[PDB]
Amino acid sequence: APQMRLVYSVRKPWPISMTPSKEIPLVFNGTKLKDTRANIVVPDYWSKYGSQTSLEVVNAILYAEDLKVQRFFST
Amino acid sequence: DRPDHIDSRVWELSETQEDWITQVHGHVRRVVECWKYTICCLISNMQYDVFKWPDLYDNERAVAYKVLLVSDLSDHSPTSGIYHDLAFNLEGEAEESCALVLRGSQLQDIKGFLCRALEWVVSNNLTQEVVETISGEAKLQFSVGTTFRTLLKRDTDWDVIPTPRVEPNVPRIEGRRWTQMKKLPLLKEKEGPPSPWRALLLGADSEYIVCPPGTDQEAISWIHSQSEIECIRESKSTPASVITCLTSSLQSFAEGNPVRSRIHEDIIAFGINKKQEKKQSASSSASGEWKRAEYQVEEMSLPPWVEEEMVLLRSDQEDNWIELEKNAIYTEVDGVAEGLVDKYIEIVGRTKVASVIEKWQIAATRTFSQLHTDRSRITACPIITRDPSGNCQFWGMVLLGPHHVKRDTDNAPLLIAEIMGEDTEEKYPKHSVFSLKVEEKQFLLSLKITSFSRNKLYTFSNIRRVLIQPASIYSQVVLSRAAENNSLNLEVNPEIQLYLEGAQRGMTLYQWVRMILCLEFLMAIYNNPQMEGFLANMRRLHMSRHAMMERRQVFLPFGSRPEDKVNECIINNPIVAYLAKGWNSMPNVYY
Amino acid sequence: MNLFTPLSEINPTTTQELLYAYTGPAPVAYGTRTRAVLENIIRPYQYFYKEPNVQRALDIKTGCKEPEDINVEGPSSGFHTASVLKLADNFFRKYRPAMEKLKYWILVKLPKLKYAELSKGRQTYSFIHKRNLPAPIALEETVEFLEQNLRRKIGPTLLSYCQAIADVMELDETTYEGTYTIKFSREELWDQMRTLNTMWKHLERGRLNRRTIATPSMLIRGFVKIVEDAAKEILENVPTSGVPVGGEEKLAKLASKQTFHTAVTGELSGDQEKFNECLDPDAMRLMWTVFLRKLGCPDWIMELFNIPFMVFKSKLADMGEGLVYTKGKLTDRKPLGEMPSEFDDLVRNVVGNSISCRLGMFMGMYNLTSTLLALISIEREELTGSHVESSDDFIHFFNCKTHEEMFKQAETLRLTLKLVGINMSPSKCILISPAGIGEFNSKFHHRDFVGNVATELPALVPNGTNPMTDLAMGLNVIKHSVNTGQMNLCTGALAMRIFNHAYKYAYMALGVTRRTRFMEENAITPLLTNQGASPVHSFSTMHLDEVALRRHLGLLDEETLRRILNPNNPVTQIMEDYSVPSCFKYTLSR
RNA sequence: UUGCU
RNA sequence: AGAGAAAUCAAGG
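Residue numbers (the deposited numbering), protein chains in the order written: chain C, 52 to 86, 97 to 136; chain A, 3 to 48, 56 to 62, 85 to 622; chain B, 1 to 178, 209 to 603, 620 to 636.
Okay, here's the thing in structure tokens:
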């Protein structure tokens, strides 16, 4: 069962598997990020030091999900 | 006659269009034709032309169409290039190509009409007949050969298609009278030695040592370097020599090594090679004849410590011990839900059982995290919690021995050390008690040799779920008062009437919820086939009691003894016995 | 127990969910299942006669008995052949529109059923590799076995698969030909179909003793699906079945209309003892034949439905790895026929590692069809009450004029079930003379209050795929419990607190972890729930995605939202998931 | 390596 | 030893 292993899996040295890339540094502030397989930190790093997309693309992804939000807050 | 769903105007329109009578099953075919024309009317309800009686021509797209009804949409093929077709199921659905030509208006109109048309065919029992008209015959799609037929008839007295020649009739059988449950049954109380405490951890007797704030290693190093351990009570089950196993793990963990090498005392503590030793001993002393295995479960009586465990588990504490992040609030319904949970946490948070649940939560989680691989060495799992001020609280340590489990239900050897307040020999016969000195403060340390499976550790790794059941009871009390008073009051604290020591006395709701959680916690940590069987068969007796309170009568079949289904589950479980005695204390007859 | 019996502001019915120890670990079965399997097999032969005579009962092919043979005072395996014809006939006139949808299902859905749905079944014992495999692999090798021996391609329709099964048994000899090139004769292939793979029923609650379940061979699993799907069509349209719907509205309507004036009402709640130890396959094989014959179905439909039950009459139940024998302190496991035991009557029926038996059933083979055999027995002129039943669990509402009339109907209900081989458990059936209290399928009823109590608590831990999927899946599970009534306003809110706090811990968002230490060191503020931020969901917002809802409330600013939603980021690239693709939808390494 | 009240 | 409950674990190589 995947639920009996998530706690152990997340706490492994390299829990996540990511496609090889160069925009993610090997080490950022003394923490080794890569080596593919990376550590659990990498998603947090991307949320602040990652590359930004266009605002139009953001609305495209959050369109069907955004509609159900205003539907709840309009009634 | 004409069906109700078929309009009268359509009925006479097609009356002379085709020789309905001079056909096979003309009546059904006529109604099918009227369906197709009605579909065209719904399509051209507001462009589309009509040739019915190509049969409809769109003017917006200049395309001719011909509506045909097909049993299966997935069996659609281009009928002809002269005229495009829209195929509709008898239930009302349309082909993916149909939705492109039409739109929401026409598609919704055609369906529903075909639904009531499908209701008409069901009502008149013509389901086969319409299909034989919508499409061709289905011929034979399955046959059984001679050889397979002979094999199928070896173990039955009938053919492949059973044709018994008896006349269908329901015989009359003489039954037995139903008897009335005039009194509630009494549950058998087993006799024998008092049941010892047989849970993974200590429960109400659990205590902790306050340590300076820091990490787990710092807390262990603080305790190990300046503590004195000496045995005051030794058990045969847990020899006093296994204290070296704990101190070795305390020293290793204090140095940053949760995993240490084997020592001599590890063989006794973790039962290394015990499988081979007992197998060799059994074979050497084996004599006689092979006999069918007969396993026996020793019956034990209700132990005195169960009642005192309930009292201690309900005792007040200083910290809240239940710190769950508050959810968001957006609506009035959301605010009431969060208020009920917030008040519930206040009622049961500052209790001993809440702190013990946290100890069980942490101990199970840490032990389970070290059972995901195969390890021939010994791992130390500290049970350390932290108060709001940050001081580390050392409940104890769990040592995990060599484990090579293949299935999740196999037992892994454990040596559990816990800090305890009061020692009771008959409550802890298999525990070895050691006196611990920590900065002029006396502490009692227990050691037990236990084996405990991976699956059971996972369930106790989220033992915090035990709070659900008492919360449901508390919520329904408050909501019931809100409904009758037409106003919600989160601070309502009504008095609950209960049978206490055989007498009916009222008791506070807040106190009733506290030791519902205490009882639920004990049932959770002592859950086993005896517990599961006892509670499952106890619900109908509990339901029977509630019927008797409101003057309802309870009746039973001929050989009905509902207490037997419960008595067989009372063997040695302490809380099951404790629950059984509570039932016997309650009145068995209601007037 | 006196603590669970309130006398003021609350009734004992409300506290029925306190009589559940589902918080603790579920029982697990250990070791061999041979004793449990043989005990299941020997019961219908013991119950076939009023006095126990296993030896004579072993020669019975069809378990049809005279009315005087039925055991009133105890379990009575076997059926009455005249009653089944009449009772099924009575079940046909009543609910005739309900069975008209069955004819539509036969004429439309049945030819269109695909055999690929057999891949979603439970663990299947391979007749090729002689070991357990999951269903999709077992189906793949079975289909290739059919294609090579029959020298033709098998159509996607389930009927084509069943036709291949009938055709392959006409062959004198059959081979697999991979390397393995293993070889079966007609009798060896026949034995594979008859074989039932028995196994322990693990993680089962509410029982002191462990039972066993049996699975059918993949060769016959195609036939089993047809009859079960046809049974599901009838049960969804007949008001006496509680299996369909899923929301358990059947008891809700009976609760509402329970109010009667100047009438002796009554509510009988109970279960069936030895439900799978007393039913005869020929009983419900005759019932299906009556249904199809009076409905006008063709002959090939009749033969298709009867085959799965005819194979079950010849079933070869696998005993397992033997009975445990002890000399001293050592244990040895031996087959049934090696040494004397309590099952010596069945030695003559031992065929290799399996055993042949013509009577009795197993729990996990025919659940829906067994329900129909119970519902047809209710259709009598004397039984004027309302009945709801799901396998070995039923509730019946009596509405009579006198108390004696109810008791006559109550006994008639008990005896009519014995005509089809179903025995009420005397110690598990409770009749409350003033109707208004009863239980059925973990639904406790008191007047207008119908309490839905979950048999198993929803898992309040993350699933283990990724933080976005886990949050959506976990909240949806809580939403289901609230919708069905298993949770209420306060319990549902507490469920998130337990789930959210456990969801944060599994992703190292609590306390001081390596993931947490990085954020407070690099000034990365927690903006998502898995990052340690405050939970943004509420009781009324269970169905809303975190990312979309945080944007509306301003929790997620524009800068961070653009980074996490990048489709070209390297991190990533109910049953389904409303989770937007983001940098937190990663995959854990294997 | 080790921090759920 | 112990865990446990109708028979297993206390590795298997």
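We put the CB at the ideal spot given by N, CA and C, even for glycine.
| Asked | Found |
| --- | --- |
| Nearest residue (CA-CA) to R4/A, options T24/A, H27/A, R32/A, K305/A | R32/A |
| Which of helix, strand or coil DSSP assigns to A555/A | helix |
| Distance cut-off 7 Å: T157/B Cβ against heavy atoms of the ligand ZN | The model depicted lacks the ligand ZN and carries no ligand whatsoever. |
| Given 8 Å, three or more beta-carbon pairs between the stretch 13 to 29 of chain B and the stretch 585 to 599 of chain A | no |
| Rounded straight-line distance, which links the Cα of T40/A to that of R237/B | 60 Å |
| Contact set between residue 67/A and chain B, taken where Cβ atoms lie within less than 7 Å | There are no atomic positions for residue 67/A here, as chain A continues from 62 directly to 85. |
| Residue nearest to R592/A in terms of C-alpha spacing, selected from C520/B, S457/B, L524/B | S457/B |
| Residue span of the alpha helix (DSSP H) that contains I385/B, given as start and end | Where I385/B is concerned, there is no enclosing alpha helix (DSSP H), although the beta strand (DSSP E) it sits in stretches over 384 to 386. |
| Cβ of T124/B within 8 Å of any chain A Cβ | no |
| Members of the stretch 338 to 359 of chain B near chain A, C-beta cut-off 8 Å | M340, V341, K343, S344, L353, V354, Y355, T356, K357, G358, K359 |
| Euclidean distance between Cα positions of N239/B and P560/A | 7 Å |
| Cβ of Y396/B within 8 Å of any chain C Cβ | no |
| Distance CB(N379/B)-CB(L58/B) smaller than 8 Å | yes |
| Beta-carbon contacts of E258/B that lie in its chain and below 6 Å, excluding the five residues immediately before and after | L398 |
| Beta-carbon neighbours of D105/C, restricted to chain B and to distances below 8 Å | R545, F548, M549, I554, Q561 |
| Distance, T275/A Cα to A285/A Cα | 15 Å |
| Below-8 Å beta-carbon distance, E599/A vs any chain B residue | yes |
| For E449/A: DSSP bridge partner residues | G427/A, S477/A |
| CA-to-CA distance, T18/A to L87/A, given in whole angstroms | 20 Å |
| Under 8 Å between C-beta atoms of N40/B and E278/B | no |
| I256/B versus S60/C - alpha carbon distance | 42 Å |
| Bounding residues of the alpha helix (DSSP H) (the contiguous stretch that carries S635/B) | That residue, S635/B, is in no alpha helix (DSSP H); it is neither H nor E in DSSP. |
| Whole-angstrom distance between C36/A and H115/A, CA atom to CA atom | 20 Å |
| Proximal residues of chain A, C-beta to C-beta of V58/C below 7 Å | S400 |
| Host beta strand (DSSP E) of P413/A (start-end) | 409 to 417 |
| DSSP-derived helix/strand/coil call for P246/B | coil |
| Whole-Å CB distance - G380/A paired with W426/A, under 8 Å assumed | Incorrect: roughly 18 Å between the Cβ atoms, too far for contact. |
| Chain-ordered chain C contacts of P627/B [CB-CB under 9 Å] | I122 |
| When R496/A, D439/A, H27/A are compared against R485/A, the one with the closest alpha-carbon | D439/A |
| Test: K83/C CB closer than 8 Å to a CB of chain B | no |
| Exposure label - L524/B; buried when at least 16 CB within 10 Å | buried |
| Burial state of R196/A (16 or more Cβ within 10 Å) | exposed |
| Any chain B beta carbon closer than 8 Å to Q348/A | no |
| Inside the stretch 287 to 334 of chain B only - alpha helix (DSSP H) runs reaching at least 4 residues | 311 to 325 |
| Where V577/B meets chain C, residues with beta-carbon distance less than 7 Å | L123 |
| Residues, ordered as in the chain, of the stretch 289 to 314 of chain B that lie near chain A by beta-carbon distance below 8 Å | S299, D312 |
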